[PDB]
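Asks: Dumping the structure here so I can ask a few things about it.
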Amino acid sequence: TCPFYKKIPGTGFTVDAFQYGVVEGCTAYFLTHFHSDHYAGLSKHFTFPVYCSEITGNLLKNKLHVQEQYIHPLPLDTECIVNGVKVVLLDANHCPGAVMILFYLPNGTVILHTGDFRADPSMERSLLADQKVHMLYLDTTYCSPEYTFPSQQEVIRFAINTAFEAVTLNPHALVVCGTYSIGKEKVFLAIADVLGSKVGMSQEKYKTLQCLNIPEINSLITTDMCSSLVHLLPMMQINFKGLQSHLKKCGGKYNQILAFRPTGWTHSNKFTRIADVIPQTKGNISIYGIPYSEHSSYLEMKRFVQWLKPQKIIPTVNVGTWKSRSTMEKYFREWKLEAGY
Ligand code: NI
């Protein structure tokens, strides 16, 4: 059954709750972003109102074939009325089209649901600065102090320098980037840009990118693999077997592959810096795991929450075990006692 952490009290609303069939009493289903664990269950046969960003709406239409009449896109940073309740969508700094949702309850309670987010100090100057938030439904993916990672900017700088050096030393080297969802487009676009290439990909993935309102996107991507020296492949194919295989397919246009696997966290984050990363190498093939995160580090999360000073926190990630639940509740209490709310 639909868990309580997916229901907004005092409304008929649910958030990211598309795989339970009809939810008794739901008059509007919100979708924070187009990632499969969140949209799971949506299809062309859905006949309830879906409220979401413009970009998420383009993906629902073109990739899922949900019918236009059930898609209600809203602009960001704008007070909107939905079934008699004032809401605002904010940028979540996750993947394209990902939002946080502010609900203003008839009784005066204000609720923020983060969806998936990477907290950033820039959020402290959005519409959230303007009033008190009583309840926070929080993306707790990396709610533990071992989770440190570098900035996105540092990680992209590393990837750009690595690629540029490799290809300048060997003009017959191929760069490959893995993907399995939207998100992390900066990795492959930043590399393609320093190499004066467009990025080449399958027709399904090109279609997905054409939904995302990226400016000048026609200048940056293509379905013609052979004209491009940055290829995207399914993340499953980023290993020696899948890469050697792939290399054959270019017909000896290339003699070397340099591949990036943008992971979330991996335990080498607890010992090594970005400047000190190394690849796995078998032959003319090298694979870099780079820690490009679209979720809050523990410190970014803690800062956000200590700024917001909510009355109650409802975790939406890692809620399945008593040990995780208990650990998270300890961190929330530390934060509250340190900051004095
Ligand atoms: Ni996500």
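Residue numbering restarts at 1 in every chain; chains get A, B, ... in the order shown in the structure tokens, and ligands count up from 1 in that same order.
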Taking only C-alpha atoms and all ligand atoms into account, list the residues no farther than 10 Å from ligand 1, as a PDB file with N, CA and C atoms, in the first residue's frame.

Replies:
```
ATOM      1  N   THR A  32       7.881  14.571  -9.148  1.00  0.00           N
ATOM      2  CA  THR A  32       9.005  15.512  -8.905  1.00  0.00           C
ATOM      3  C   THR A  32      10.039  15.510 -10.061  1.00  0.00           C
ATOM      4  N   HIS A  33      10.264  14.333 -10.640  1.00  0.00           N
ATOM      5  CA  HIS A  33      11.205  14.208 -11.782  1.00  0.00           C
ATOM      6  C   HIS A  33      11.089  12.900 -12.544  1.00  0.00           C
ATOM      7  N   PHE A  34      11.622  12.892 -13.771  1.00  0.00           N
ATOM      8  CA  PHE A  34      11.623  11.682 -14.619  1.00  0.00           C
ATOM      9  C   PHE A  34      12.752  10.696 -14.384  1.00  0.00           C
ATOM     10  N   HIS A  35      12.723  10.025 -13.217  1.00  0.00           N
ATOM     11  CA  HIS A  35      13.562   8.883 -12.893  1.00  0.00           C
ATOM     12  C   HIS A  35      12.600   7.720 -12.568  1.00  0.00           C
ATOM     13  N   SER A  36      13.007   6.542 -13.056  1.00  0.00           N
ATOM     14  CA  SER A  36      12.085   5.380 -13.085  1.00  0.00           C
ATOM     15  C   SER A  36      11.526   4.947 -11.723  1.00  0.00           C
ATOM     16  N   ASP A  37      12.297   4.978 -10.615  1.00  0.00           N
ATOM     17  CA  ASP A  37      11.732   4.635  -9.299  1.00  0.00           C
ATOM     18  C   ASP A  37      10.641   5.629  -8.890  1.00  0.00           C
ATOM     19  N   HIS A  38      10.662   6.855  -9.424  1.00  0.00           N
ATOM     20  CA  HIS A  38       9.676   7.881  -9.098  1.00  0.00           C
ATOM     21  C   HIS A  38       8.450   7.844  -9.996  1.00  0.00           C
ATOM     22  N   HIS A  94      18.911  18.607  -9.253  1.00  0.00           N
ATOM     23  CA  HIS A  94      19.005  17.132  -9.442  1.00  0.00           C
ATOM     24  C   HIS A  94      19.248  16.899 -10.963  1.00  0.00           C
ATOM     25  N   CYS A  95      18.335  16.245 -11.670  1.00  0.00           N
ATOM     26  CA  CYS A  95      18.434  16.077 -13.135  1.00  0.00           C
ATOM     27  C   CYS A  95      17.531  17.132 -13.835  1.00  0.00           C
ATOM     28  N   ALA A  98      13.777  18.402 -12.698  1.00  0.00           N
ATOM     29  CA  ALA A  98      13.512  17.982 -11.274  1.00  0.00           C
ATOM     30  C   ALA A  98      13.146  19.139 -10.414  1.00  0.00           C
ATOM     31  N   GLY A 115      11.596  16.250  -3.273  1.00  0.00           N
ATOM     32  CA  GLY A 115      11.852  15.221  -4.244  1.00  0.00           C
ATOM     33  C   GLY A 115      13.271  14.629  -4.033  1.00  0.00           C
ATOM     34  N   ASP A 116      14.003  14.406  -5.161  1.00  0.00           N
ATOM     35  CA  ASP A 116      15.466  14.187  -5.118  1.00  0.00           C
ATOM     36  C   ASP A 116      16.123  15.580  -5.326  1.00  0.00           C
ATOM     37  N   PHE A 117      17.150  15.893  -4.531  1.00  0.00           N
ATOM     38  CA  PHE A 117      17.831  17.207  -4.624  1.00  0.00           C
ATOM     39  C   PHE A 117      19.330  17.119  -4.280  1.00  0.00           C
ATOM     40  N   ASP A 139      14.950  14.156   0.933  1.00  0.00           N
ATOM     41  CA  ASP A 139      15.903  13.244   0.243  1.00  0.00           C
ATOM     42  C   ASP A 139      17.122  12.966   1.103  1.00  0.00           C
ATOM     43  N   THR A 141      19.224  10.233   0.806  1.00  0.00           N
ATOM     44  CA  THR A 141      20.106   9.306   0.150  1.00  0.00           C
ATOM     45  C   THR A 141      21.485   9.137   0.816  1.00  0.00           C
ATOM     46  N   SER A 181      19.786   6.941 -17.505  1.00  0.00           N
ATOM     47  CA  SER A 181      18.695   7.785 -17.122  1.00  0.00           C
ATOM     48  C   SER A 181      19.063   9.219 -17.598  1.00  0.00           C
ATOM     49  N   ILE A 182      18.161  10.154 -17.474  1.00  0.00           N
ATOM     50  CA  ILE A 182      18.502  11.526 -17.581  1.00  0.00           C
ATOM     51  C   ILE A 182      19.337  11.902 -16.309  1.00  0.00           C
ATOM     52  N   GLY A 183      19.977  13.066 -16.353  1.00  0.00           N
ATOM     53  CA  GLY A 183      20.969  13.501 -15.337  1.00  0.00           C
ATOM     54  C   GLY A 183      22.419  13.364 -15.775  1.00  0.00           C
ATOM     55  N   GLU A 294      24.295  13.884  -8.130  1.00  0.00           N
ATOM     56  CA  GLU A 294      23.158  14.775  -8.182  1.00  0.00           C
ATOM     57  C   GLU A 294      22.266  14.681  -6.905  1.00  0.00           C
ATOM     58  N   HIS A 295      22.886  14.224  -5.809  1.00  0.00           N
ATOM     59  CA  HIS A 295      22.280  14.233  -4.491  1.00  0.00           C
ATOM     60  C   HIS A 295      23.172  14.965  -3.509  1.00  0.00           C
TER      61      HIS A 295
END
```

Asks: Among range 135-323 of chain A, which ones does DSSP place in alpha helix (DSSP H), written as a ChimeraX atom specification?

Replies: /A:152-169,185-194,203-210,217-220,240-248,298-308,322-323

Asks: Counting only C-alpha atoms, figure out which residue out of A:238, A:64, A:304, A:153 gets nearest to residue 288 in chain A.

Replies: A:238

Asks: Neighbouring residues of residue 228 in chain A were defined as those with any atom within 6 Å, considering only C-alpha atoms; residues of the same chain fewer than 6 positions away were excluded. Please report them as a VMD selection string.

Replies: chain A and resid 197 to 200

Asks: Which of these residues is nearest to residue 326 in chain A, using only C-alpha atoms: A:250, A:143, A:194, A:127?

Replies: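 Result for the nearest residue to residue 326 in chain A: A:143.
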
Asks: From the list A:237, A:256, A:316, A:272, which residue is nearest residue 15 in chain A when using only C-alpha atoms?

Replies: A:316

Asks: Of the candidates A:207, A:323, A:241, A:270, which one gets nearest to residue 285 in chain A if we count only C-alpha atoms?

Replies: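 With only C-alpha atoms as the atom set, the closest residue is A:241.
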
Asks: Report as an mmCIF file with N, CA and C atoms, in the first residue's frame all protein, DNA and RNA residues lying within 6 Å of residue 142 in chain A, evaluated on only C-alpha atoms, omitting residues in the same chain fewer than 2 positions from it.

Replies:
```
data_model
loop_
_atom_site.group_PDB
_atom_site.id
_atom_site.type_symbol
_atom_site.label_atom_id
_atom_site.label_comp_id
_atom_site.auth_asym_id
_atom_site.auth_seq_id
_atom_site.Cartn_x
_atom_site.Cartn_y
_atom_site.Cartn_z
ATOM 1 N N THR A 140 17.086 11.808 1.784
ATOM 2 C CA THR A 140 18.092 11.367 2.711
ATOM 3 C C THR A 140 19.066 10.298 2.141
ATOM 4 N N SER A 144 24.698 10.364 6.086
ATOM 5 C CA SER A 144 25.746 9.756 6.935
ATOM 6 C C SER A 144 27.062 10.460 6.676
ATOM 7 N N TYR A 298 26.445 14.726 2.835
ATOM 8 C CA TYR A 298 25.993 14.838 4.218
ATOM 9 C C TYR A 298 26.109 16.296 4.687
#
```

Asks: Pick the closest to residue 263 in chain A from A:159, A:243, A:136, A:235: which is it, counting only C-alpha atoms?

Replies: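 Comparing A:159, A:243, A:136, A:235 against residue 263 in chain A, the winner is A:235.
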
Asks: For residue 48 in chain A, list every protein, DNA or RNA residue within 8 Å, evaluated using only C-alpha atoms, and leave out those in the same chain fewer than 5 positions away; present the list as a VMD selection string.

Replies: chain A and resid 27 to 29 70
